[PDB]
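To start, the structure under review is shown below, and the notes come after it.
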Amino acid sequence: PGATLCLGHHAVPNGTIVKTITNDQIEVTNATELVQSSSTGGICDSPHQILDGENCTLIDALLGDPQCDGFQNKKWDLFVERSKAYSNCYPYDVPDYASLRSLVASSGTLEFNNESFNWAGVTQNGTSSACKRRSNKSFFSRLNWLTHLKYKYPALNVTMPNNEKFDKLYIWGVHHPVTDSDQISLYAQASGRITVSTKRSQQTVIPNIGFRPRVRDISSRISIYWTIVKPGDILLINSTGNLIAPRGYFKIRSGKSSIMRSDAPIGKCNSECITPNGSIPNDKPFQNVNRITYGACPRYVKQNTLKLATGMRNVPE
Amino acid sequence: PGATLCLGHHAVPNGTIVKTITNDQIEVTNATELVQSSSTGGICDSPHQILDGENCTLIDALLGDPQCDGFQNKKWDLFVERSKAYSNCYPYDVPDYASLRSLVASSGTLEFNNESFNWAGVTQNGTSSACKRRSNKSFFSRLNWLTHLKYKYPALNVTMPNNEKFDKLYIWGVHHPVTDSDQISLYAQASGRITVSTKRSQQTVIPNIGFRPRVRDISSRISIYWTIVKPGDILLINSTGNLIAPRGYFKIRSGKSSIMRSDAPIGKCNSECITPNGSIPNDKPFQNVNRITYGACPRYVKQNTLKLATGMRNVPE
Amino acid sequence: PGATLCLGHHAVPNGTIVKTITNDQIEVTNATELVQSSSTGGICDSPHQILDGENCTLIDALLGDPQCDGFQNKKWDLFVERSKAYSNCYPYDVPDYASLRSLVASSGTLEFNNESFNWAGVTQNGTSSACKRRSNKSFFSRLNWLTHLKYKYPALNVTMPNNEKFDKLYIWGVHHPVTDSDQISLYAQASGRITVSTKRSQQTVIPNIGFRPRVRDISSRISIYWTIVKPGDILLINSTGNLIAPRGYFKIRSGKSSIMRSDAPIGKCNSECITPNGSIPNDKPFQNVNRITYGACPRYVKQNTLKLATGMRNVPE
Ligand SMILES: *[C@@H]1O[C@H](CO)[C@@H](O[C@@H]2O[C@H](CO)[C@@H](O[C@@H]3O[C@H](CO[C@H]4O[C@H](CO)[C@@H](O)[C@H](O)[C@@H]4O)[C@@H](O)[C@H](O[C@H]4O[C@H](CO)[C@@H](O)[C@H](O)[C@@H]4O)[C@@H]3O)[C@H](O)[C@H]2NC(C)=O)[C@H](O)[C@H]1NC(C)=O
Ligand SMILES: *[C@@H]1O[C@H](CO)[C@@H](O[C@@H]2O[C@H](CO)[C@@H](O[C@@H]3O[C@H](CO[C@H]4O[C@H](CO)[C@@H](O)[C@H](O)[C@@H]4O)[C@@H](O)[C@H](O[C@H]4O[C@H](CO)[C@@H](O)[C@H](O)[C@@H]4O)[C@@H]3O)[C@H](O)[C@H]2NC(C)=O)[C@H](O)[C@H]1NC(C)=O
Ligand SMILES: *[C@@H]1O[C@H](CO)[C@@H](O[C@@H]2O[C@H](CO)[C@@H](O[C@@H]3O[C@H](CO[C@H]4O[C@H](CO)[C@@H](O)[C@H](O)[C@@H]4O)[C@@H](O)[C@H](O[C@H]4O[C@H](CO)[C@@H](O)[C@H](O)[C@@H]4O)[C@@H]3O)[C@H](O)[C@H]2NC(C)=O)[C@H](O)[C@H]1NC(C)=O
Ligand SMILES: *[C@@H]1O[C@H](CO)[C@@H](O[C@@H]2O[C@H](CO)[C@@H](O[C@@H]3O[C@H](CO)[C@@H](O)[C@H](O)[C@@H]3O)[C@H](O)[C@H]2NC(C)=O)[C@H](O)[C@H]1NC(C)=O
Ligand SMILES: *[C@@H]1O[C@H](CO)[C@@H](O[C@@H]2O[C@H](CO)[C@@H](O[C@@H]3O[C@H](CO)[C@@H](O)[C@H](O)[C@@H]3O)[C@H](O)[C@H]2NC(C)=O)[C@H](O)[C@H]1NC(C)=O
Ligand SMILES: *[C@@H]1O[C@H](CO)[C@@H](O[C@@H]2O[C@H](CO)[C@@H](O[C@@H]3O[C@H](CO)[C@@H](O)[C@H](O)[C@@H]3O)[C@H](O)[C@H]2NC(C)=O)[C@H](O)[C@H]1NC(C)=O
Ligand SMILES: *[C@@H]1O[C@H](CO)[C@@H](O[C@@H]2O[C@H](CO)[C@@H](O[C@@H]3O[C@H](CO)[C@@H](O)[C@H](O)[C@@H]3O)[C@H](O)[C@H]2NC(C)=O)[C@H](O)[C@H]1NC(C)=O
Ligand SMILES: *[C@@H]1O[C@H](CO)[C@@H](O[C@@H]2O[C@H](CO)[C@@H](O[C@@H]3O[C@H](CO)[C@@H](O)[C@H](O)[C@@H]3O)[C@H](O)[C@H]2NC(C)=O)[C@H](O)[C@H]1NC(C)=O
Ligand SMILES: *[C@@H]1O[C@H](CO)[C@@H](O[C@@H]2O[C@H](CO)[C@@H](O[C@@H]3O[C@H](CO)[C@@H](O)[C@H](O)[C@@H]3O)[C@H](O)[C@H]2NC(C)=O)[C@H](O)[C@H]1NC(C)=O
Ligand SMILES: *[C@@H]1O[C@H](CO)[C@@H](O[C@@H]2O[C@H](CO)[C@@H](O)[C@H](O)[C@H]2NC(C)=O)[C@H](O)[C@H]1NC(C)=O
Ligand SMILES: *[C@@H]1O[C@H](CO)[C@@H](O[C@@H]2O[C@H](CO)[C@@H](O)[C@H](O)[C@H]2NC(C)=O)[C@H](O)[C@H]1NC(C)=O
Ligand SMILES: *[C@@H]1O[C@H](CO)[C@@H](O[C@@H]2O[C@H](CO)[C@@H](O)[C@H](O)[C@H]2NC(C)=O)[C@H](O)[C@H]1NC(C)=O
Ligand SMILES: *[C@@H]1O[C@H](CO)[C@@H](O)[C@H](O)[C@H]1NC(C)=O
Ligand SMILES: *[C@@H]1O[C@H](CO)[C@@H](O)[C@H](O)[C@H]1NC(C)=O
Ligand SMILES: *[C@@H]1O[C@H](CO)[C@@H](O)[C@H](O)[C@H]1NC(C)=O
Ligand SMILES: *[C@@H]1O[C@H](CO)[C@@H](O)[C@H](O)[C@H]1NC(C)=O
Ligand SMILES: *[C@@H]1O[C@H](CO)[C@@H](O)[C@H](O)[C@H]1NC(C)=O
Ligand SMILES: *[C@@H]1O[C@H](CO)[C@@H](O)[C@H](O)[C@H]1NC(C)=O
């Protein structure tokens, strides 16, 4: 009689369909998903330092809009900007806004140091009803609106050396009055011109008098500029009117900081990978949640699912 | 005696040489080409909506050059710009020309709506011998050259609200006269200044009087600018001279539209993939016709040919 | 008794560890390194034409700084800029500096042709103590500082046609005086304005009078601009003061030329691939020396080492 000895392999009743080089649909005993397609819906507050902008854009927190005083000197790994954020100060624009936003986001700090600028012969600390704190007329916290003193505005020619070991970021502005009579009532002369320079750079800006549409009841504008001053260099401000003066400088650092637009709530939890949709697990190599990511994240791909076989071909009985 | 039974495989007299991981030249029984290397030489007019610019650049058709009146309100999937195209109106430049061209190309429409701007106290509809229609002096169809009325040009301070559900694109310009006497004869005052603003943006432009080389016998210039006005925002134009005024707005859409430089003829045929060389079949995954493509196109690669084996190794008798 | 016949394969005592799809560490009999991780430390002077900038930036050699007279009309495949390089002429800036540097680097030539500009009614060849040659006051070699003649500066309205078969690059500038009295003592009128145009382009620049920090004892500045003039086009310079005039044009070529920042010494040797660290062998497909490369170079990758098996699995006795 003898015996029979059969060689074989396992199978399962419930196999999984995968793709190969030669077949778009072949059943294997087991597979694992390589694309992360879901988020928790919230941004975990750990392990990255998250700063929720709430009502404030980064630039409003920089300039010191009345709703953003809580942000002074704060640092972040990720600044989260909300779609509802709105400005509540004097109407302004920033030529190159995207660049200033980027460079501050990347620096990751609003650390500010006051400096004693000698604004000889002018009135300091100008305020406006378009920028209230506690119903008092106010202004951007980090800027100094200079105006005439006893109907004179003598030329400014003011220096601030950088004797630090680090770079300084200066934010400053030019005021564009609505009319020629406004120009005279504020600055006591028919126009201005502002030149801000260092040993290696120069910027001159001309105020442009005229009407813009009313925003928070103001038809004038402020235009915001910035200047970086290296160790051993010197800031020189030379102006005859219309200067929205710096009060000091911001520290500028380098590191891993960034900014993200999201309306996702911040939660008490721990996740390395942040998207605008919320944090996502990062076990998988790929994800199709969002191209926008921050941290140790799977790579964004177009596919919904990619199944990696983890077993043999399934050949059921 | 018994029998002999031989196992074997086919071969062909005429095999094809392919590349593998271990051999740059191995003969197989059959192969297929994966790189499309030829075009028909013409651009098929289907299934994309093709607009042949003929003598007109997109920007000339936008502004309304005399040779481009046939283009009014036309739409396209692909605007085809010809190398022979030339301007036949007042000499102009567009700071950022590439961006205006891109944004209009991408929008895919020249749909224009006239609006009633109140140009109180000036002469409208200025014309020039450098921009003829039917030998009559004329001007860009979408722009309004304003000049003095009875040797006065009172300040303009004109508003146009956007109460639509869509964005409006405004095209406007500044006239740079050749001389101080030209400035006075056109605008009745020594210079101009133009500020165009919205609630969220502002542009001011200064005319610059002086000689440029003659183009179509004109040594002055026009510089072209644009402004996008969102729903609920308001256009404000404030100027004292030198304004080349808008007559209305263009619709701005988003979609699949673009622009291509080509001298290929347009034919009555159907092809999904367009290159400057002409339409190409899109059965193959790769092509080496042109990096510039539009539609469902193979991907551009450097290789002339890539042969995919579709049979076994060929081992002839 | 009979015989025994055993089939087998070789092995070595000293195998090499490689990575595969299924194992990060498997021993093979032999392998070869695919990542170049070392340089010689010097830049080989062959086979590319190397131009060592020594104390000169490319832009200083272009303008004709006193330390850069040896560079006149030189050509390069690779211009090497040293970190110690410094300027020793009148303090200047170049709006778009990076672009002018790039376009000259890419052109690969400082070939300069003088032209006879008719500067009727002004003093030519102005010099300064901030730009010495042999202790004599001097100026940038390729620029012409125009000033008043007998306390007059009549308007300039000067033409230079391009009747060549090639494009011309013109470099020119605007002088920004420190004070209103300086403006008058140099140019005999209260301000300037410079318009440089062609048939297809226009640039106007306004001088901006004021103090900048002293650099080589000068608080004024020069701002440098450029203009390309095509065959058949015409350069037109129209100015009333503050013009730092061109003396001629540079040739502009296209080809394989570039620029690199490096402090590596130049040696007498032959290597196709240049990095800032020095030349590297290019036998391997990859390298981790520097992302910055010039010539026939391996591709930059993050890995230190990638070992390609060149033998079987090593199974020692
Ligand atoms: C089909 O094939 C897949 C892939 O091989 C198998 O999935 C693995 O299953 C094993 C055994 O259950 C898993 O091992 C466990 O992993 C946990 C950590 O999870 C990591 O990866 C997952 C991915 O989903 C993430 O959730 C997470 O962030 C981690 O990165 C460990 O915590 C587990 O530990 C447990 O056992 C150990 C034994 O020492 C103890 O220390 C602990 O007490 C603990 O209880 C465990 O190691 C493995 O993660 C799975 N891999 C993947 C990729 O999912 C399936 O099991 C297989 N299915 C079938 C039916 O055969
Ligand atoms: C060497 O190997 C290649 C690849 O396997 C073989 O090429 C295939 O040959 C078959 C049979 O001739 C082709 O099948 C036919 O395809 C036509 C559609 O063409 C598509 O792909 C080509 C690519 O060149 C494009 O021109 C075109 O845009 C399409 O995307 C069909 O129209 C044909 O239909 C005919 O038969 C069917 C049968 O039902 C009928 O419905 C119709 O009446 C009609 O007459 C047909 O299906 C196939 O396209 C080829 N593939 C490729 C990639 O070229 C070679 O045959 C082989 N050579 C040898 C000697 O063995
Ligand atoms: C482990 O596996 C590797 C890869 O197979 C083997 O390395 C090869 O070894 C052979 C024989 O020594 C080498 O052949 C020689 O190449 C020289 C040119 O070098 C090129 O590549 C190297 C890469 O390091 C560069 O240095 C160089 O820039 C070149 O691009 C030739 O000059 C040699 O010529 C000599 O022999 C010929 C015979 O005709 C004569 O003409 C000359 O007189 C001359 O003396 C020779 O051809 C080959 O380059 C190596 N390849 C690589 C990638 O390194 C190892 O040998 C093997 N190790 C073991 C223990 O088996
Ligand atoms: C130049 O044109 C602009 C735009 O048309 C004019 O601005 C408008 O000025 C009026 C009058 O001051 C403003 O009216 C005010 O509206 C507020 C808000 O409702 C109200 O509280 C005030 O009592 C007053 O009615 C109007 O808001 C403003 N419009 C815009 C769009 O800014 C400007 O007056 C013109 N200048 C001249 C000199 O004519
Ligand atoms: C750059 O800073 C300097 C230094 O303050 C400014 O120059 C100074 O400007 C003032 C006011 O414009 C000048 O005073 C005026 O002089 C005229 C001439 O007699 C007189 O009529 C006026 O009543 C007034 O006194 C002053 O002379 C001048 N100083 C120098 C050294 O030139 C300059 O304005 C600043 N630039 C900018 C853009 O702000
Ligand atoms: C400032 O310089 C420019 C450039 O040299 C001068 O422009 C030139 O002006 C002359 C005289 O009007 C133009 O001549 C005309 O040429 C046309 C075409 O052949 C002809 O039909 C007319 O009868 C006349 O001869 C010339 O085209 C023009 N050149 C350029 C390059 O634009 C300008 O006159 C100078 N301004 C002053 C105030 O000197
Ligand atoms: C922005 O729009 C406003 C409103 O039209 C413009 O302001 C107005 O400009 C005119 C002409 O410059 C001023 O009239 C002039 O007043 C002087 C002073 O007495 C007089 O000598 C002249 O004969 C003439 O009548 C008008 O007062 C002024 N209105 C206001 C409210 O300031 C302004 O020019 C526009 N800006 C631009 C850049 O166009
Ligand atoms: C406007 O402000 C600037 C910046 O504070 C003033 O520039 C400074 O001017 C002084 C006086 O000319 C310069 O002093 C000189 O220093 C050199 C080098 O040590 C020395 O050789 C001279 O004998 C003299 O002491 C100083 O360098 C310069 N500072 C800077 C940073 O540029 C300018 O004077 C002010 N203008 C007015 C009208 O007040
Ligand atoms: C562009 O080039 C033209 C041609 O040279 C310049 O125009 C000319 O400018 C001069 C000086 O500004 C004018 O002469 C002046 O005329 C007035 C008016 O009577 C007189 O008071 C002065 O004493 C002087 O003679 C000349 O008339 C004028 N020519 C023309 C045809 O307008 C213009 O300045 C140049 N533009 C630039 C930005 O440099
Ligand atoms: C995460 O957020 C993104 C961005 O909003 C979502 O992608 C959008 O999905 C909508 C449909 O819900 C589409 O209309 C848009 O085209 C998508 N936007 C972009 C920018 O691609 C995405 O669905 C979200 N994913 C998850 C898993 O929540
Ligand atoms: C399609 O058009 C392109 C662009 O003109 C052709 O590519 C050029 O070919 C010429 C030689 O005829 C070269 O001198 C240029 O360097 C190429 N230009 C570019 C931008 O790469 C191409 O040959 C055409 N292809 C076909 C199949 O017609
Ligand atoms: C070649 O030069 C590069 C650039 O300086 C070197 O890369 C730097 O290495 C230092 C450490 O020595 C790091 O701190 C920097 O982050 C690196 N710089 C950049 C820009 O990546 C590199 O080490 C040199 N390689 C060799 C083989 O000499
Ligand atoms: C943000 O603004 C809204 C009103 O727009 C207000 O209800 C809310 O209290 C503000 N949040 C903070 C944190 O100030
Ligand atoms: C301006 O305000 C600050 C407080 O913000 C104060 O320290 C300073 O004395 C004020 N200066 C003047 C001139 O009013
Ligand atoms: C285009 O211009 C040429 C002359 O340059 C003319 O022959 C042709 O008729 C024009 N085409 C159209 C469509 O107007
Ligand atoms: C300007 O021209 C248009 C026709 O293009 C006409 O409707 C309008 O009445 C003209 N306006 C004036 C003020 O001449
Ligand atoms: C470069 O400058 C240094 C001083 O800064 C000098 O020692 C050296 O001789 C200069 N080199 C050349 C080539 O002129
Ligand atoms: C300017 O200098 C050059 C030499 O660099 C000389 O040829 C020319 O004659 C000088 N011109 C004047 C007007 O001084």
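Chain identifiers are assigned alphabetically (A, B, ...) following the order of the sequence lines, protein sequences preceding nucleic acid strands; residue numbering begins at 1 within each chain.
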> In Å and rounded to the nearest 0.5 Å, what is the CG to CD1 distance from B:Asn238 to A:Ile209?
Replying inline: 11.0 Å
> Among residues 153-167 of chain B, which ones touch chain A with a heavy-atom distance under 4.5 Å?
Replying inline: B:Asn157
> Is it the case that more than 12 heavy atoms not belonging to A:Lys132 sit under 6.0 Å from its NZ atom?
Replying inline: no
>> Report which part of A:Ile206 has an atom under 4.5 Å of a heavy atom belonging to chain B: side chain, backbone, both, or neither.
In response: neither
> Counting only heavy atoms not in A:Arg216, do more than 12 fall under 6.0 Å of its CZ?
Replying inline: yes
>> Does B:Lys230 have more than 12 heavy atoms from other residues, nucleotides or ligands lying within 6.0 Å of its NZ?
In response: no
>> Take a 6.0 Å sphere around NZ of A:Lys84 and say whether it holds more than 12 heavy atoms from other residues, nucleotides or ligands.
In response: yes
> To the nearest 0.5 Å, what is the distance between CZ (A:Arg212) and CD1 (B:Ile234)?
Replying inline: 15.0 Å
> Going by residue number, which parts of residues 15-27 of chain B are within reach of chain A, meaning a heavy-atom gap below 4.5 Å?
Replying inline: none
> A:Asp93: what forms a salt bridge (charged side-chain N to carboxylate O under 4.0 Å, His left out) with it, not counting sequence neighbours?
Replying inline: none
> Is there any residue in residues 187-199 of chain B with a non-hydrogen atom under 4.5 Å from a non-hydrogen atom of chain A, and which ones are they?
Replying inline: B:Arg193, B:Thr195, B:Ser197, B:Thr198, B:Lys199
> So with a 6.0 Å cut-off around CG of A:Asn136, is the heavy-atom count from everything else above 12?
Replying inline: yes
